[PDB]
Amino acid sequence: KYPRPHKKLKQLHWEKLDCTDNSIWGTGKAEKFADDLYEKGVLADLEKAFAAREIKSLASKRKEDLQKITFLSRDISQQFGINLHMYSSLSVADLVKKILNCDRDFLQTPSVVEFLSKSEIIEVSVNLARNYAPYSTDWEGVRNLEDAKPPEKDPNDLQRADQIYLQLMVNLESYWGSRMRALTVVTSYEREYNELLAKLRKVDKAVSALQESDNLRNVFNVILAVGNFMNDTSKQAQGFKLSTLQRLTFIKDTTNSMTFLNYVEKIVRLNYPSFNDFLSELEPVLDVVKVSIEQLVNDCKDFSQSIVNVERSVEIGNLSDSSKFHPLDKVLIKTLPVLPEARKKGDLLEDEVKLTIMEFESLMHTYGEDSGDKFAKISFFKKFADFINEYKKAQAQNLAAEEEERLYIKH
């Protein structure tokens, strides 16, 4: 009186509530589900999905192709099946014809393209190339799968993981990397570009904000005024470096509560309120904080350079010679139509970046920082950001302290 499986299944060791009492159980529903699911075949799927004993058929095939010969590490041979699991159901033949035909789904799977491009994966040691030498094929000159014919020994004796490594990383070593590098570009340039441009925009907004922040500069003049008022003649100044910002908290008042910065804020808020807008005006500076304009600029170069290199290999490199390829390999049918569009994105990007660099550096000279100094460039926005946060913390404290005093003076 319940559907039952023909083959024994995995068990669920639940703690059963002994009886259908004054509870949520015993409404009859569960059996209706059992019946419904059964009619719809769901139970039959479950029966295969959770059979307790591995099908004898697959059991042996896996026991057999597990004793064969392998020259790959326990790690590599392992992560091979992992990263290519979506192809568990294909014969090395089809899986390989999959990667070489470059099939649309293959390319749209970012994780495999990376794995097939991994260093330790692509790089074949001298020994390994020897170990696999016996079963190796050449392909150079071969104009079709059904015309090569040089077996030299047998591949099937090799475990699946090694059969793949062989067919690609070894038999194509003469140009595997270049092939991958080529495809990785065709399959990334689009978003890499967007990403880069995204970051580049954050920088542009920050630069603009600082560039046009009269309030910020005004606060700076208030700080300068007060500063000169306190300092003796040896320390009088016409202006100050940004380092100055990070040291306005080390000075406390008599009662030792308030900080120099608190007073500045108090002075601004109660005498030149508008100046405080700079806090809002400079959110873009707070946002760009997690971006190294140094790293960004280099990323562009690498972006362009990668596209460049691929173009070389395609015109005079390991990919200029198409008879050196595997008959089934078709990187070029995919790659070539794309290069010009990728290059186009590269140029676009470069132009923007160069403009930004220009404006940024020019902004630094405005605040007396050296555009030459690597560190100075990198810490430029942090300094404004930290200051802003400090100002905020100070404004907070003053608003608090003032409220208490607004009370005490009453009572």
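One rule holds for the numbers: they count along the sequence shown, beginning at 1.
- Judged by mean Cα B factor in the deposited record, 140 to 148 ranks above the other of 140 to 148 and 183 to 191.
- In this entry, 402 to 410 has the higher mean Cα B-factor, the comparison being between 1 to 9 and 402 to 410.
- Per the PDB record, 71 has a higher Cα B-factor than any other of 260, 240, 303, 71.
- Within the group 276, 119, 178, 234, the record's highest C-alpha temperature factor is found at 119.
- Annotation for residue 269: C-alpha temperature factor in the middle third relative to the rest of the modelled chain, per the entry.
- For residue 19, the recorded CA temperature factor ranks within the highest third of the chain's modelled residues.
- Sort the modelled residues of the chain by CA B factor and residue 367 lands in the middle third.
- Residue 28: CA B factor lies in the middle third for its chain, per the PDB record.
- Annotation for residue 299: CA B-factor lies in the middle third of the chain's modelled residues.
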